[PDB]
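Colleague: Experimental structure and sequence below.
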Amino acid sequence: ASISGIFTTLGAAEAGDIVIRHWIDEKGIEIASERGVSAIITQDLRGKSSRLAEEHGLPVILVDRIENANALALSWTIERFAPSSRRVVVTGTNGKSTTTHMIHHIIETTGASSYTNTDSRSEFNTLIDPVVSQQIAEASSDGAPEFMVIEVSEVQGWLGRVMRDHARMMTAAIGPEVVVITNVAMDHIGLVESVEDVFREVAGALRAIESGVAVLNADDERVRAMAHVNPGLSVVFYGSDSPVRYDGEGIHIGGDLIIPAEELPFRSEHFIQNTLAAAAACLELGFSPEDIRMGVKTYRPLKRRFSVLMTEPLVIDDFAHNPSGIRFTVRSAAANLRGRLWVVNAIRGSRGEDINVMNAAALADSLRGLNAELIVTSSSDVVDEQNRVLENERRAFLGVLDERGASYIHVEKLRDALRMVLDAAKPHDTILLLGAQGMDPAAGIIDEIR
């Protein structure tokens with residue numbers, strides 16, 4: 001067998017490797033020939049790199065769309081390195097990383113081998129980079145893994161130009177036996193404008209395979225509607241009334257109650273819903289409810305997923321960046337509320353006015369009827385230029401809170417906002433920190449303040 005001549009990114013390339021890259025320039029061609037790459041697959045040769053590659057004797061394949069090249073690179077890598085592995089694809093709007101990470105964990109707890117592309121900062125779930133197929137080759141080097149758990153981004157776009165049927169394309173390249181759908185929610189405005197745009201893209205992952213099991217969410221009206229998308233698939237449900245379900249007693253696998261409420265390591269809506277999805281898929285992979293019970297109790301969450309940073313006052317760090325996420329996180333925070341709720345939310349810099357208006361609206365609704373104070377931050381002191389809050393975005397966000405009459409204060413710096421909330425709060429109060437990149441460095445600042 002051979003473990004060389006594999007598809008890699010330019011940075012990870014070695015002699016004989018095939019670099020796949022959205023675009024390449026004259027400097028890229030130089031680095032490539034220095035490393036001895038066999039060939040380069042790109043969508044764009046910049047300037048005079050086409051003639052420089054000819055001089056270096058480096059073959060270059062120009063493709064109409066790099067996502068198609070990466071999808072083919074992915075199928076060939078799987079057939080070449082792990083064709084017998086059982087694969088699971090996880091897609092939806094929210095909770096893909098948690099569901100995928102929990103399935104990977106339940107399988108690894110069992111003693112079985114598994115590959116996963118997930119991490120807290122899940123950036124390698126796209127067909128713009130050959131990173132997943134590069135990682136699959138690296139994992140299969142000293143033997144192929146029995147299982148693969150792969151998170152597939154429902155919506156993707158390069159140059160803001162949407163890659164139609166990206167989920168279908170990526171799923172078909174993997175060819176999983178199980179496909180897990182989490183939810184259909186609004187996010188990535190520009191790529192999608194309507195909830196039907198999201199529904200069509202998420203449902204495409206089911207059209208990607210002729211046969212297998214579809215693990216669908218009974219608590220989402222749109223995800224439940226996906227049962228009649230691919231009749232060749234056997235459908236399994238999770239959530240309410242379904243075999244895998246949650247209530248006061250706890251998590252019920254089948255007629256029995258496998259995990260009682262107190263045994264649960266975490267209790268948030270996000271954790272619980274994503275755990276039922278992971279459990280449902282694991283039953284289809286032929287795992288016992290005891291293997292699942294053991295996995296769940298041994299589980300360690302991803303960074304900023306309802307992460308408890310402090311006790312008295314309770315400080316929770318959640319990465320809610322969209323409306324349904326924000327609504328869910330606030331409900332989970334309000335559940336064990338003993339005093340005032342202090343919400344520090346970071347405006348999504350350089351993400352357009354539409355997401356910021358939708359989030360501002362969701363924040364206002366979730367907070368009405370609560371003993372709560374809202375501190376909105378620009379985090380200008382801790383963000384890079386790719387996440388800078390623009391004037392029009394700040395005014396759009398604060399406009400919604402003004403129109404609605406939500407009690408708020410805008411604080412430009414994240415460090416000023418975190419100092420402000422820690423002084424104002426009392427031990428029985430709960431501080432909920434929300435956001436994406438703008439709220440990422442809050443855990444680190446809290447350490448410097450305490």
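Modeller: Perfect, I can see it now. Numbering: from 1, shown residues only.
Colleague: secondary structure class for the residue most central in space within the chain?
Modeller: The C-alpha lying nearest the average C-alpha coordinate of the chain belongs to residue 97 (CA atoms, centre = their mean; 4.5 Å). Three-state call for residue 97 (DSSP: H, G, I helix; E, B strand; the rest coil): helix.
Colleague: which residues touch it?
Modeller: With contacts defined as CB atoms under 8 Å, 6 or more residues apart in numbering, residue 97 is in contact with 118-120, 122, 151, 302. (Each C-beta comes from the backbone N, C-alpha and C, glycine too.)
Colleague: Over to residue 400?
Modeller: If you count contacts by CB under 8 Å, 6+ apart, residue 400 has them with 357, 360-361, 364.
Colleague: Which residue, neighbours along the chain excluded, lies closest to it?
Modeller: Once flanking residues are discounted, residue 400 sits nearest to residue 360: 3.6 Å by CB to CB, 6 or more residues apart in numbering.
Colleague: what separates the one you found from residue 154, distance-wise?
Modeller: Distance of residue 360 to residue 154, computed by CB to CB, to the nearest Å: 24 Å.
Colleague: Which strand residues bridge residue 214?
Modeller: For residue 214, the beta-bridge partners under DSSP bridges are residue 179, residue 235.
Colleague: Tell me how this structure divides into domains.
Modeller: Domain assignment of the chain by curated CATH domains yields the ranges 68-298, 307-449.
Colleague: Surely residue 179 and residue 205 touch.
Modeller: Yes. With contact taken as CB atoms under 8 Å, residue 179 and residue 205 are classed as touching, separated by 5.6 Å.
Colleague: shared neighbours of the two, anything?
Modeller: Common neighbours of residue 179 and residue 205 (CB under 8 Å, 6+ apart) are 89, 91, 171.
Colleague: Would you format the domains of the chain as JSON lines with distance to residue 18 included?
Modeller: Compiled in JSON lines, the domains of the chain are given as follows (distance: least, CB to CB, whole Å):
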{"stretch": "domain 68-298", "distance to residue 18": "8"}
{"stretch": "domain 307-449", "distance to residue 18": "29"}
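Colleague: closest one to residue 53 among those domains?
Modeller: The stretch from these with the least distance to residue 53 (CB to CB) is domain 68-298; that distance is 16.6 Å.
Colleague: ok, now which ones touch the residue of the chain most remote from its centre?
Modeller: Distance from the C-alpha centroid of the chain peaks at residue 55, with 42.2 Å (CA atoms, centre = their mean). Contact criterion CB under 8 Å, 6+ apart gives no residues in contact with residue 55.
Colleague: Show residues contacting stretch 199-209.
Modeller: Contacts for stretch 199-209 (CB under 8 Å, 6+ apart): 89, 91-93, 152, 154-155, 165-169, 171-172, 175-176, 179, 181, 184, 192, 214, 222-223, 225-226, 229-230, 232-233.
Colleague: Weed out the non-buried ones from those residues.
Modeller: By the neighbour-count criterion of 16 or more other CB atoms under 10 Å, those include these buried positions: 89, 91-93, 152, 154-155, 165-169, 171-172, 175-176, 179, 181, 184, 192, 214, 222-223, 226, 229-230, 233.
Colleague: From those, which land in strands?
Modeller: By the criterion of DSSP state E, membership of the buried ones among the contacts of stretch 199-209 in strands covers 89, 91, 179, 181, 214, 233.
Colleague: So which residues of the stretch 251-400 of the chain form helices?
Modeller: Using DSSP state H, counting those that start in this stretch, the helices found in the stretch 251-400 of the chain span residues 269-284, 289-298, 323-335, 353-367, 391-404.
Colleague: Now do the helix or strand hosting residue 216: everything it contacts.
Modeller: In this structure, residue 216 is located in strand 212-217 according to DSSP states H and E. Counting by CB under 8 Å, 6+ apart, strand 212-217 makes contact with 92, 176-183, 206, 223-224, 226-227, 229-230, 233-239, 273, 277, 280-281, 284, all of which sit outside it.
Colleague: one more time with 6 Å, if that's ok
Modeller: If you take CB atoms under 6 Å, 6 or more residues apart in numbering as the criterion, strand 212-217 is touched by 177-181, 206, 223, 226, 233-237, 239, 280-281, 284.
Colleague: Write a PyMOL command that selects only the buried members of those.
Modeller: Applying 16+ other CB under 10 Å to the contacts of strand 212-217, the buried members can be selected in PyMOL as follows:
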select buried, resi 178+179+180+181+206+223+226+233+235+236+237+239+280+281+284
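Colleague: And residue 293, how far from residue 244?
Modeller: Noted for residue 293: a distance of 12 Å to residue 244, by CB to CB.
Colleague: Name the residue in these two with the higher neighbour count.
Modeller: Ranked by neighbour count (other CB atoms under 10 Å), residue 293 and residue 244 place residue 244 first, with 26 against 17.
Colleague: ok so, going back, out of the contacts of residue 97, which is nearest to residue 188?
Modeller: residue 122 (13.9 Å).
Colleague: Can you get me a residue count around residue 263?
Modeller: Counted with other CB under 10 Å, residues neighbouring residue 263 total 12.
Colleague: ok, it - contacts?
Modeller: Counting by CB under 6 Å, 6+ apart, residue 263 makes contact with nothing.
Colleague: Show the contacting residues for residue 406.
Modeller: residue 364.
Colleague: Confirm that it sits in a strand.
Modeller: No. Using three-state DSSP, the secondary structure at residue 406 is coil, not a strand.
Colleague: what's the burial count for residue 318?
Modeller: Counted with other CB under 10 Å, the burial measure for residue 318 works out to 23 neighbours.
Colleague: What distance do you get for the residue nearest to the centre of the chain to residue 366?
Modeller: From residue 97 to residue 366 the distance is 22 Å (CB to CB).
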